[PDB]
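**Q** Everything below, folded, please.
(6 chains)
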Amino acid sequence: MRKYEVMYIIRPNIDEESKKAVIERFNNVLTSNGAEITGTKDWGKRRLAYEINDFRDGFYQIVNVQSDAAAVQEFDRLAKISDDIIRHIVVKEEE
Amino acid sequence: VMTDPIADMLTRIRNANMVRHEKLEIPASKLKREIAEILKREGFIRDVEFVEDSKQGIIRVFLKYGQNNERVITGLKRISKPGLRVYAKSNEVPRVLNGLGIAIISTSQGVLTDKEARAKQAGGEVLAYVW
Amino acid sequence: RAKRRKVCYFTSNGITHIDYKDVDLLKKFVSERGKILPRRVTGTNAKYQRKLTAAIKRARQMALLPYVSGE
Amino acid sequence: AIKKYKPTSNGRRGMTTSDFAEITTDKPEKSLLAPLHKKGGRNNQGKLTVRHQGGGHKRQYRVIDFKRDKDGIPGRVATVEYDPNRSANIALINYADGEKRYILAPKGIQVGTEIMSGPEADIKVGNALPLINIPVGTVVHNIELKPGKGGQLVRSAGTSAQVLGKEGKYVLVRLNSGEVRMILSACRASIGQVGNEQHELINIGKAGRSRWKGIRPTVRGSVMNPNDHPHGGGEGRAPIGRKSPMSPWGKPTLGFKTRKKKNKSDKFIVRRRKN
Amino acid sequence: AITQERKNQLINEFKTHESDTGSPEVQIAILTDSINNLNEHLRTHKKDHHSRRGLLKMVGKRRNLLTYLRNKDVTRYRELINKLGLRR
RNA sequence: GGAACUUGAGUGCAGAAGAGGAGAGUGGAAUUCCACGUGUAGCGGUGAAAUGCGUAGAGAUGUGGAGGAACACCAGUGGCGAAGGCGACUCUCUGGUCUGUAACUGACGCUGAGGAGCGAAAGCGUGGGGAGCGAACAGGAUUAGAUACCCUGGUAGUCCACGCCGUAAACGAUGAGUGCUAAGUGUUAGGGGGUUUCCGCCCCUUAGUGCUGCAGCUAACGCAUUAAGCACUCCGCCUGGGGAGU
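**A** Residues are numbered from 1 along each chain as shown, chains lettered A, B, ... in the order given. Please see the structure below:
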């Protein structure tokens, strides 16, 4: 087991309820993977120097979890299936 | 890789002659201290003194130097070497550099100078020549 | 002989940063040309500059900083 | 894998066969077996519309619902079986209903893996869900042209297809050899390219294996008598002197388009002939 | 990796002493575990030529250490290779 | 051969960084093509030109889409790796190196014919890919001739996957290991200390690596604690040129 920090972007235009749906979904997946919570923060809306698909800005969101080591391998594709999410990255925590 | 401590001590004393430092250190062995005592008898070197530290070592050798500059020894070489055994019958031993030079020949009676070896009529391995 | 102008100013108030979570200091590292400043100005040791390099690349992955802009 | 044969005989010198590693059980389930009388390529009138057909080994059809009309019901891959009828291997799948239906088998499937036929099903291989829910660029197989008709597209082994993107009407698709069509968005399709890609690499190695296929030999056209074939006649290996290489039927074959210039499918052809 | 707990378990089982951190026993044991993991790693990818030559070097190490162990105490050696099941 | 020792060596503990290897995913810029908008006689190329592209509306510009290849700037006689060689990012597995009190093993070391593996680029076999670049080749120029240097194109190749081939100025034209031998001035990562909480200055000690130079070596050029210096151990190799690496 090891620590992990993860960032991901959700769509700026999304309705707050649907945002609650995708966040409870990402949390249910994150706990399905056995990734224990350590801490989290909400960067929220921020302007972008460049668009990814088209959007001029995005909702940043981050999590910090103690976990495998096996889970990220399943978490990535499940982070790929959703059209609502834009980008996701999982960096190891070794400050 | 430390193939032979004695030849190493010989390149130590030769390099020491080249650098003209007053003294240098060598790891201990009775084989080394005996021939060093032989050089002490020959007088080419001023003094040798061991200093104990666990386990082996460390001898400190003081090079002698002439009153009018000049290296005390004009040459030094170890004819004996691993991968090429050498032997010498008691009458067969050369008198290197004629009368000035002396052989260092280990024998059954112990390490001996070519004069003492000729007197004892005892042959043995020729460790090195110094001149 | 010898001293560099505008050297470091990081180890003096470091260290272990960031690795990339901050945006303000990375905004300090970026040039008007949008590229990382040379060690001749930044003053950092090459290891710190390279860890900083991979860190800012991670920031570009975070899209926290521009990849390219006007000069 | 491919098991090369040692040249113990002249027919052994080139012949090769597939590993059959995917196969699990020696025999098909009795319930879904169907008869296959061999027409031999003859018309119902009795005349042979198609040249050099028939004379092959006897075959027995296994029922296969490409349509996958049921949905929301999880399945399970119990076994995989050889299919004489086509290059693609068949993999039996047990539904939670207790229903059993042979189904087309994409490579990399494992025994006992769950498979849902519903819209809510996961992208994971063996699943079949409607194109609207399909993410762009994922490989897809057994695509239907219309819902409820079955997936005529991409049934042969080793073939694949990809989505270039989609609108409400219609979803784009990359058909094999690069051709593209706006297939209906409502229409169902199955993710994951068909397995047995090694079938193309198989070498027959003798005239005798062809008889079992059974691919009957085709006489070269120049050898044929002039009354029977346009390229016939001449005093031994006649040059294709006559203008425009030709079929025994009057239409030219080399580079001559056989397409109807006016067709209902012409509107759907966003792209054609990439070569 | 191997994980640190597995090392602590692997060492204590084979020590001739309460604090025998060294010894050809424990050395050839830890190197054996490294050989097994690296061998499985070679099985995962045949393209790992560097892991392969490194494995050859570690085989040189095990061969030299077991050779000297044959040179010293044959009884401890046969008991050890019987314990591990290795060596021809 | 018996009995011992830790300094050679190995292992451990506590740390240190590295384009090290392989697998998977992902990134943005640009070239090119396609689609449309805009707008019109040039565009492109050379020493000069012409071939070539363009009123069937190019080039240019705006937007969108597609595909492949490479990773700018960071980047540094920087780093890693045995060599060859490795330069976007993330993750997965994993090799190697260095430092430090110091625990343990107590010579368990070095080299190494045969043998085995790796091994640039080009090439060959099979299946894919092919944006650009580009042998062969086509055309236009240059010239007495131009089977070239130049330009406009362009196949194989260059790319991937599974194999073969095992050649390079594969060079540092300097084999590997170890000991010793003035120094100096940087850097690459560590360790200790002498004031200072720190910052930071100073001194010392390891290993990597750049240059300048004392002794010493030299046909000369030069080398020079990274010897080609003084010594040791082992392997490879040389015996006039051409004929002939035939």
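**Q** Report the contact partners of the residue of chain B found nearest chain A.
**A** When you check chain B against chain A by C-beta to the nearest C-beta, the closest residue turns out to be residue B:1, at 39.8 Å. Where C-beta positions appear, they are placed from N, C-alpha and C, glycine not excepted. Going by C-beta atoms under 8 Å, 6 or more residues apart in numbering or on different chains, residue B:1 touches no other residue.
**Q** and it, what helix or strand is that in?
**A** Following DSSP states H and E, there is no helix or strand that holds residue B:1.
**Q** same thing with residue A:4?
**A** strand A:2-10.
**Q** picking that back up, ok, so what distance separates the residue of chain B closest to chain A from residue B:56?
**A** Residue B:1 sits 17 Å away from residue B:56, going by C-beta to C-beta, to the nearest Å.
**Q** try residue D:271
**A** For residue D:271, the distance to residue B:56 equals 86 Å [C-beta to C-beta].
**Q** try residue C:59
**A** Counting by C-beta to C-beta - residue C:59 and residue B:56 are separated by 59 Å.
**Q** Over to residue A:81?
**A** Counting by C-beta to C-beta, the gap from residue A:81 to residue B:56 is 71 Å.
**Q** Nearest residue to residue D:224 in space, please, no chain neighbours.
**A** residue D:232 (4.6 Å; C-beta to C-beta, 6 or more residues apart in numbering or on different chains).
**Q** Next up, the contacts around that neighbour.
**A** D:221-226, D:238.
**Q** what's around residue D:273, how many residues?
**A** 9 (other C-beta atoms under 10 Å in any protein chain shown).
**Q** And for residue B:61?
**A** Residue B:61 has 23 nearby residues by other C-beta under 10 Å.
**Q** would you say it is within a strand?
**A** Yes - under DSSP: H, G, I helix; E, B strand; the rest coil, residue B:61 falls within a strand.
**Q** May I ask which helix or strand encompasses the spatially closest residue to it that is not a sequence neighbour?
**A** Closest residue to residue B:61 apart from its sequence neighbours, by C-beta to C-beta, 6+ apart: residue B:48 at 5.1 Å. In the assignment (DSSP H and E), residue B:48 maps to strand B:45-50.
**Q** ok, now residue B:41?
**A** Applying DSSP H and E as the criterion places residue B:41 in helix B:30-42.
**Q** Residue E:13 now?
**A** Going by DSSP H and E, residue E:13 is in helix E:4-14.
**Q** How far does that helix sit from its chain's centre?
**A** Helix E:4-14 sits 13 Å away from the centroid of its parent chain (C-alpha atoms, centre = their mean, to the nearest Å).
**Q** Name the residues of whichever helix or strand comes after it that are buried.
**A** Where DSSP H and E defines the elements, the next helix or strand beyond helix E:4-14 is helix E:23-44. Buried residues in helix E:23-44, counted by 16 or more other C-beta atoms under 10 Å in any protein chain shown: E:23-29, E:31, E:34-35, E:38, E:42.
**Q** Look through chain B and report the residue furthest from the middle.
**A** Taking C-alpha atoms, centre = their mean, the residue of chain B most remote from its mean C-alpha position is residue B:54, at 24.7 Å.
**Q** Give me the three-state assignment for residue C:3.
**A** Quick answer, by three-state DSSP: residue C:3 is coil.
**Q** Any figure for the gap between it and chain D?
**A** Residue C:3 sits 56 Å away from chain D, going by C-beta to the nearest C-beta, to the nearest Å.
**Q** related to what we said a few turns ago, how far away is the residue nearest to residue B:61 from residue B:110?
**A** 17 Å.
**Q** Please identify which of those two sits among more neighbours.
**A** Neighbour tally, residue B:48 and residue B:110, criterion other C-beta under 10 Å: the higher count belongs to residue B:48, 17 against 14.
**Q** and the more buried one, what does it touch?
**A** Neighbours of residue B:48 in contact, by C-beta under 8 Å, 6+ apart: B:33, B:36-37, B:39-40, B:59-62.
**Q** Columns distance to residue A:56 on top of those residues, output as CSV?
**A** CSV is the format used below for these (distance: C-beta to C-beta, whole Å):
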residue, distance to residue A:56
B:33, 87
B:36, 87
B:37, 92
B:39, 90
B:40, 92
B:59, 82
B:60, 81
B:61, 83
B:62, 85
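**Q** Go ahead and build a PyMOL selection from the buried members of those.
**A** Provided next is the PyMOL selection string for whichever of the contacts of residue B:48 are buried by 16+ other C-beta under 10 Å:
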select buried, chain B and resi 36+39+40+59+61
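**Q** so where's the longest helix in the chain?
**A** Since you didn't name a chain, this refers to chain A. helix A:16-32 (DSSP state H).
**Q** please go with chain B instead
**A** Of all the elements of type helix in chain B, the one with the most residues (DSSP H) is helix B:5-19.
**Q** what's that one packed up against?
**A** strand B:23-26, helix B:30-42, strand B:59-63, strand B:76-77, strand B:126-130 (3 or more C-beta pairs under 8 Å, 6 or more residues apart in numbering or on different chains; DSSP states H and E).
**Q** In it, which residues are buried?
**A** Neighbour counts over helix B:5-19 (16+ other C-beta under 10 Å) mark B:5-7, B:9-10, B:12-14, B:16-17 as buried.
**Q** same thing with stretch A:38-50?
**A** For stretch A:38-50, by 16+ other C-beta under 10 Å, it's residue A:43.
**Q** Contacts (any at all) between RNA strand F and it?
**A** Yes - Stretch A:38-50 is in contact with RNA strand F by C-beta under 7 Å from any atom of the strand, via residue A:50.
**Q** Check the offset of that stretch from the chain's centre.
**A** 10 Å.
**Q** and if you look at stretch A:68-88?
**A** With C-alpha atoms, centre = their mean, you get 8 Å for stretch A:68-88.
**Q** Secondary structure element holding residue B:119?
**A** helix B:114-120.
**Q** what's that helix in contact with?
**A** In contact with helix B:114-120 (C-beta under 8 Å, 6+ apart) are residues B:90, B:93, B:95-96, B:102-103, B:105, B:107, B:109, B:112, B:123-124.
**Q** Can you name the two of the residues you listed that sit furthest apart?
**A** B:96 and B:109 (20.9 Å; C-beta to C-beta).
**Q** wait, does stretch C:7-16 contact chain A?
**A** Yes - using C-beta under 8 Å from any C-beta of the partner chain, stretch C:7-16 reaches chain A at residue C:16.
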